[PDB]
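Remarks on the overall topology
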Amino acid sequence: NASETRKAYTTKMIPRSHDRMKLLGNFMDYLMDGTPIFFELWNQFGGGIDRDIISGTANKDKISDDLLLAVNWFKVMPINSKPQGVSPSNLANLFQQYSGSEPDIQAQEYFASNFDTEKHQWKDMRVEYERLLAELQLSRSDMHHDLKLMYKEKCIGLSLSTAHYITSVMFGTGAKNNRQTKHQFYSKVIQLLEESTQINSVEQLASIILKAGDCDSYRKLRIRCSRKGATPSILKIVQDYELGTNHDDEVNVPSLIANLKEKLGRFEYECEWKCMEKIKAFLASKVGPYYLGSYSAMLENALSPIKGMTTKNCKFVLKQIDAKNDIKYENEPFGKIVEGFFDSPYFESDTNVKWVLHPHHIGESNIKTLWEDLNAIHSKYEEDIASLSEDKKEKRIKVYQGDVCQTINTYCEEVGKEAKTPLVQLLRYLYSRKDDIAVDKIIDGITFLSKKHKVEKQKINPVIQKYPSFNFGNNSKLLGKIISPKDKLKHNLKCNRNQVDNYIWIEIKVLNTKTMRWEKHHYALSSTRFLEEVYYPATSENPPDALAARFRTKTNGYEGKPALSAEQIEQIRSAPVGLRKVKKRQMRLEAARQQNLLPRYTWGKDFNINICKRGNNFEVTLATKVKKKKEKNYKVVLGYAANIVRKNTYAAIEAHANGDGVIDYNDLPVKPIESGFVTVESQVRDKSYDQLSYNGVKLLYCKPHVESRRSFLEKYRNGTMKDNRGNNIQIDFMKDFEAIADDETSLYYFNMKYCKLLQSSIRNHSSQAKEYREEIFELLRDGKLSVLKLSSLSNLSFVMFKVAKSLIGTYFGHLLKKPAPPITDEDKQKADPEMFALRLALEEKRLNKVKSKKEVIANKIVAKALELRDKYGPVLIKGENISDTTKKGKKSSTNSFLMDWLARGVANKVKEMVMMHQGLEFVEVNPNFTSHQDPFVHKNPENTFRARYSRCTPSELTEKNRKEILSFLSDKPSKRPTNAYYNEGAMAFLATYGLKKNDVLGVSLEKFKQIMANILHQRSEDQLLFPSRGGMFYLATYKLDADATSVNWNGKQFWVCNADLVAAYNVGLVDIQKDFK
RNA sequence: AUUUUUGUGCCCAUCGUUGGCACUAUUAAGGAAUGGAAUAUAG
DNA sequence: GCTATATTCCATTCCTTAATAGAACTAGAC
DNA sequence: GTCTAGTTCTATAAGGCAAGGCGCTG
């Protein structure tokens, strides 16, 4: 029920004397250079593992003694690594030779794993182990003795101990406790418990431990049996009894005996090493004298990839075995028939090169409907010619042959509308062998080919060394500390300096590479965020209390916007533009402390100092653990719906509600509390712009720029295109340009759209790429209305960045060609560095735009939950669980559109953020039917689904809308469950407006519009509702949307609400019962 | 231990009135997608 | 009606999963 | 009295498929 997370603060290193920063850098260089030594050594230790080393263990979970050995003996690593490479063919032979037996299925699957042949190769770690023995002159029996002890101590194997512990037991020369003493003592405790198994009091239990230890006190007991180290749980019982905090605690004799029996194995030996002195000597030669902190720090970096990749690879092998078990090899013959397409005459290749077949190549399970249509044509064609005795009807069948093509051609094109277009030739070939293979078998065969290729291509994880980071702290690490604010105050008072500053100091014990001795030194850091939320001190007496959350942030209740003195204001106006932003923040900081507005921050040695040295740059990070206690007594449920182009929404439901609006949900009283859209507003001149929806200024205020763009297009407005045998069409892009140049259009849409048109222009003028160069810089870079200068967090702004990157791609590709060595970033940078920089600037800008959107959306969701929690109580935030949206069976455009969703990225941020607050919990839920369920009716107790609707005026009606509505009236059946809702909803539209299909069907759009206008005018309404997939509105039984208007739909009264607001309620209601007893 | 000029970023035809905001860091691989140039296909 | 399938070669993005960011202690050194 | 620099510590159920959850713009 205890949760732990870390909050990190990045900082800037504020340098000191070159010589002072040189000493720190030299130390950092020392740990980094040494780290690869431990990695090579531990890999070698892994090679020494054998059956006599892992005989009778827990072997983690669902693992095989063989797999544990194979992962240690053989690893996939870079080709240029020191360990000798081995061919995958010899893996089984080497395993048998070392093992003395053949490898099992798990070991075999491991060897079978895919990897990049060009970048990595298998390495024989066993051979590396021999190198250690030969190089260090070690007895095989002696190293084996040490290896066995290391395994018991968790220095090697599946579950590893901390680097600090491993270094201490392996290389420590400090006084160690006597294991024999603990072993007799633990056995005696077990013995008395067996002798008196019915005790049910801690008091009886504490007496037994003391009897076992032959002592009257825990202190005396600890001195004899566990002289040094943390207190064991058994002794902890005696201790807590003396302080009387465990008197009423439940006693379980079997468990105490069982836990004690498990810990017995570790005390059968005294840890007397035989090769540690030699090994320490080799290490000393390569990394210098043994120190616990330095050796431990290097080992931690070395051990992480070795231990982590072993865990990941074992899970991977087990998953792969299961995936292979899932494949139906019994369907392999059917796959052969389907795969026979390449050898048929329906597929033609110059080099006869085939490719993998997937379900989307036949339209997945739709081929079943198509087969039926084909059979009806065939059965009708048989009867026709059976009762068409007259000969010379070759055309009858020839006509039937043509009908088959059109049936397939229609099928492919129809499936192609909402998905990838299936292959006509493949389908024609399959119909030829219709007698040969059943249709269901075809799907099964095509699925087997696709599934087997996917599982077979999965790659193993290579073992790659880490780029090291070193940690300084109060305990179990390199000694380090952040000077405390009180210490800071004292320091400045003793130096006769101003009481407060904006710099942070740390004192860390560092090694002098020259003297090879430890020294403590001070280093200065700078991090306004750390100062504001932690470090700056509340000097005033009677300062506000520390917040429930430690950090002093706006979300935590500290507004931090105090009245500024005129002297402070001058400093901001006075400061250079580069420093104005930081100074204003500091001035407010000094203002809130001066005005006693700064809340206190409780200080503890809770901050870790992480230092990373890249070149001469030092990256110091301060991170602290944040503890939280789970609270499962939720009173409010906050649902979150995530959208790509529309606004995200949230809805809160009160639980165990009693009041005017209470609804009884399956015996649970709930009250919809509120719903809303997630928007991030930024103020400008008493004007606020939502960062998630702003699409840019209208063109009329951008007339020079739009006209400036027009002048360039005019020079290259001559573009040729060929469609439907339309070669040398002499297409004009400027016509298309004006369509987007309307003053009513948003700038971002214009800029994104202009990029595409420019993209097409370059395609026509392939040898005139160079000319667009300067226009691109003004469009994306230098221009005042350039993409880099103005952009929002809206979906359209992101697409604009997408098109801009593609456009640069086109300019580079066209810039180089035949009139073959391949173009690389090196060539493009050489050919055009400025443009190359522009691509990087756009990439870096988009990544910073994406990080922000995730953080700002996360804060709004967390802020609402915190607001609801204070008024009502513990809140459970629920978000849709979105996964596997990008698939190869979907159109690339659909996949490209889906990539910008960011739902998982936002949820991970919310999930991480929720961990810092008590009374807040986050879980993901199934999003199935969340857009079509009538909230608070559906599942109370009946199933209630309704279609999404669009609203517009008769002039706004489009042919697409007209077609959509009719399709819904089709009697053709569908696998999509939601299809029923649209047909049912489409029925209401005819019923509600007194129409008949004949009026909608076979009617010009214009005439259809007139019909709809005459009805609306009679009813005194200007807008009409129609069911549209992805519709903006939902007819809800309840008034979930505050701006909803009641309407009578087909004899029923519903509230027209934003569909997204409805969805947020639906998300909250998914498995709502499980959340409450 | 004193640097006094900066933690990282986000928004805007008006870049400031004290403009308005937000935020866990790192390592490494893997999975699934995308862009551009082109080739082969069937229209 | 932006033709679609597939492939090659150069680049990208969004996300997941293995890790790091130790706790409690005391003999002996200030 | 504190603090450092080393040691040892741990604590031990629920559907199958696959659609659903997303947007366009002329």
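With that settled, consider helix α13 (residues 276-287). The end-to-end C-alpha distance of α13 is 15 Å, a good match for the 16 Å that twelve residues give at a rise of 1.5 Å each. The secondary structure elements touched by the buried residues of α13 are α1 (18-47), α5 (125-136), α6 (140-153), α7 (163-171) and α14 (292-326). One or two steps after α13, the chain reaches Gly288, where phi turns positive at roughly 90 degrees.

Here is the key point about a regular strand: its side chains alternate between the two faces of the sheet. Burial analysis of strand β20 (residues 875-880) places six of its six residues in the buried class, which makes it a mostly covered element. Of the two faces of β20, the one lined by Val875, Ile877 and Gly879 and the one lined by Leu876, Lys878 and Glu880 are each fully buried. Direction of pairing for strand β12 (residues 636-641) relative to β20: parallel, over a ladder of five bridges. By the bridge assignment, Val636 is partnered in β20 with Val875.

Before going further, it helps to spend a moment on the protein's contact with RNA strand B. The full set close to RNA strand B counts 98 residues, and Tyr503, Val582, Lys584, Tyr694 and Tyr748 are the nearest of them. If you look at RNA strand B and keep only atoms within 4 Å of the protein, 68% of those are sugar or phosphate atoms. At a separation of 2.6 Å, a base nitrogen of RNA strand B approaches a polar side-chain atom of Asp501. The contact in question runs from a base oxygen of RNA strand B to an N or O atom on the backbone of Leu564, over 2.6 Å. For the surface near RNA strand B, the residue count by class is 29 nonpolar, 33 polar and 36 charged.

The domains assigned to chain A are domain 1 (2-15 + 470-558 + 596-626), domain 2 (18-174 + 296-323), domain 3 (179-267), domain 4 (330-457), domain 5 (694-850) and domain 6 (948-1075). A straight line from the C-alpha centre of domain 2 to that of domain 6 covers 63 Å.

With that settled, the discussion passes to a nonpolar patch on the surface. Residues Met721, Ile729 and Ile731 make up a contiguous nonpolar surface patch of roughly 250 Å² in combined accessible area. As for its placement among the helices and strands, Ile729 is situated in the loop between β18 (718-719) and β19 (731-732). Residue classification places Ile729 among the partly exposed positions, given a relative accessible area of 40%.

Right, let's talk about the protein's contact with DNA strand C for a bit. What surrounds DNA strand C is a group of 43 residues, the closest being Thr162, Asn475, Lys477, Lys625 and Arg904. A share of 78% is what sugar and phosphate atoms reach among the atoms of DNA strand C within 4 Å of the protein. Here a phosphate oxygen of DNA strand C and a side-chain polar atom of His360 are 3.0 Å apart. Take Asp825: an N or O atom from its main chain is 3.0 Å from a phosphate oxygen of DNA strand C. Those elements giving two or more residues to the surface near DNA strand C turn out to be α7, α10 (218-225), α14, α30 (833-871) and α32 (903-914). Broken down by element, the surface near DNA strand C gets its largest block of residues, six residues, from α14. In terms of residue class, the surface near DNA strand C is built from eight nonpolar, 17 polar and 18 charged.

Looking now at the packing of helix α21 (residues 528-535) against helix α23 (residues 577-594). The N-to-C vectors of α21 and α23 enclose an angle of 15 degrees; their axes lie 10 Å apart at closest approach. The pairing of α21 with α23 is recorded here as roughly parallel in orientation. Here the hand of the crossing between α21 and α23 comes out left-handed. On α23, the residues that touch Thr528, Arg529, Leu531 and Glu532 of α21 are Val582, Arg585, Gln586 and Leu589. A per-class count over the contact of α21 with α23 returns three nonpolar, two polar and three charged.

Core analysis: the biggest nonpolar cluster contains 113 residues, and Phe38, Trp42, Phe45, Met143, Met150, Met170 and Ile279 have the highest contact counts within it. Considering every element that reaches this core, the biggest residue donor is α1, with 13 residues. Taken domain by domain, this core gets at least three of its residues from each of domain 1 (2-15 + 470-558 + 596-626) and domain 2 (18-174 + 296-323). Each residue touching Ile279, except ones within four places of it in the same chain, is listed here: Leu41, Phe45, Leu136, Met143 and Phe171. In terms of nonpolar packing, the next biggest core, distinct from the first, is built from 38 residues, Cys755, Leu796, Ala804 and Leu838 among them.

Next up on the list: the pattern of salt bridges. Under the counting rule described, the total for this entry stands at 55 salt bridges. Of the charged contacts in the structure, one is a salt bridge between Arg839 and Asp825, with a shortest N-O distance of 3.3 Å. You can see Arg839 sitting in helix α30 and its partner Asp825 sitting in helix α29 (residues 825-831), a full 14 residues away along the chain. Take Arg839: its relative accessible area is 17%, and that puts it in the buried class. Under the relative-accessibility criterion, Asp825 is labelled partly exposed at 36%. Linked through salt bridges whose partners overlap, the residues forming this network are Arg773, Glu774, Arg781, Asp782, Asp832 and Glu834.

Ordered by their spatial adjacency, eight strands build an open sheet running β1-β11-β10-β6-β7-β8-β9-β2, and the pairing between neighbours is mixed. The sheet is open, and its two borders are formed by β1 (2-10) and β2 (12-14), each paired with just one other strand. On average, each strand axis in the sheet is inclined to that of its neighbour by 35 degrees, with strand direction left out of account. Note: strand β8 (residues 504-512) against strand β9 (residues 517-526), nine bridges, orientation antiparallel. What sits directly across from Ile506, in β9, is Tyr523.

Read across the open sheet, the six strands follow the order β14-β15-β13-β12-β20-β21; overall the sheet is mixed. The sheet is open, and its two borders are formed by β14 (663-665) and β21 (920-925), each paired with just one other strand. Between one strand axis and the next, the sheet turns by 30 degrees as a mean value, whatever way the strands run. Here β14 runs beside strand β15 (residues 668-677); their pairing, made up of three bridges, is antiparallel.

Thresholds applied
- For each chain, numbering restarts from 1 and follows the sequence as written, which can differ from how the entry numbers it; residues lacking coordinates are not listed.
- Chains and ligands are labelled by the order in which they are written, letters from A for the one and numbers from 1 for the other.
- To obtain the side-chain values, all non-hydrogen atoms of the structure were included, while hydrogens and water were left out.
- Residues with missing side-chain atoms are left out of burial classes, side-chain pairs and their counts.
- By definition, any uninterrupted DSSP run of H or I lasting at least four residues is a helix, any uninterrupted run of E lasting at least two residues is a strand, and each is numbered from the N terminus.
- Between the first and last residue of a helix there are one fewer steps than residues, each counted as 1.5 Å, and that sum is the expected span.
- Any pair of residues with heavy atoms lying within 4.5 Å of one another is described as a contacting pair.
- Accessibility here uses a 1.4 Å probe with only protein chains present; expressed as a share of the type maximum, an area under 20% marks a residue as buried, one over 50% as exposed, and anything in between as partly exposed.
- For two strands to count as paired, DSSP must find a minimum of two bridges between them.
- For this description, a residue counts as near a given molecule or strand if any of its non-hydrogen atoms is within 4 Å of it.
- Two N or O atoms count as a polar contact when they lie within 3.5 Å, although within protein this holds only if one can serve as hydrogen donor and the other as acceptor, and sequence-adjacent residues are included solely when both atoms are side-chain atoms.
- The classification used treats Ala, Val, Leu, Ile, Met, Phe, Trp, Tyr, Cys and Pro as nonpolar, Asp, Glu, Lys and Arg as charged, and all other residues, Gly among them, as polar.
- The split of the chain into domains comes from an automatic or database domain assignment.
- Patch members must show over 30% relative accessible area and no salt bridge, and they are joined within 9 Å when carrying like charges or within 5 Å when they are nonpolar side chains of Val, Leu, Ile, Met, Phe, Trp or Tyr.
- Here the open area of atoms and residues is found with the Shrake-Rupley method and a 1.4 Å probe, where only the protein chains shown may cover a residue.
- Within this document, salt bridges are pairs made up of a side-chain nitrogen of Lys or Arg and a carboxyl oxygen of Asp or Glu, the two lying within 4 Å of each other.
- Geometry is summarised by axes, namely lines fitted to C-alpha atoms with helices restricted to the contacting stretch, and by angles between N-to-C directions that run from 0 to 180 degrees.
- Geometric relationships in this document are graded by angle, where less than 35 degrees denotes roughly parallel, more than 145 denotes roughly antiparallel, 65 to 115 denotes roughly perpendicular, and other angles denote oblique.
- The crossing is said to be left-handed when, going from far helix to near helix, the turn is anticlockwise and less than a right angle, and right-handed when the turn is clockwise.
- Buried residues of nine kinds, namely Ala, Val, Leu, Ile, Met, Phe, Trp, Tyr and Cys, make up a nonpolar core once their side-chain atoms join them within 4.5 Å.

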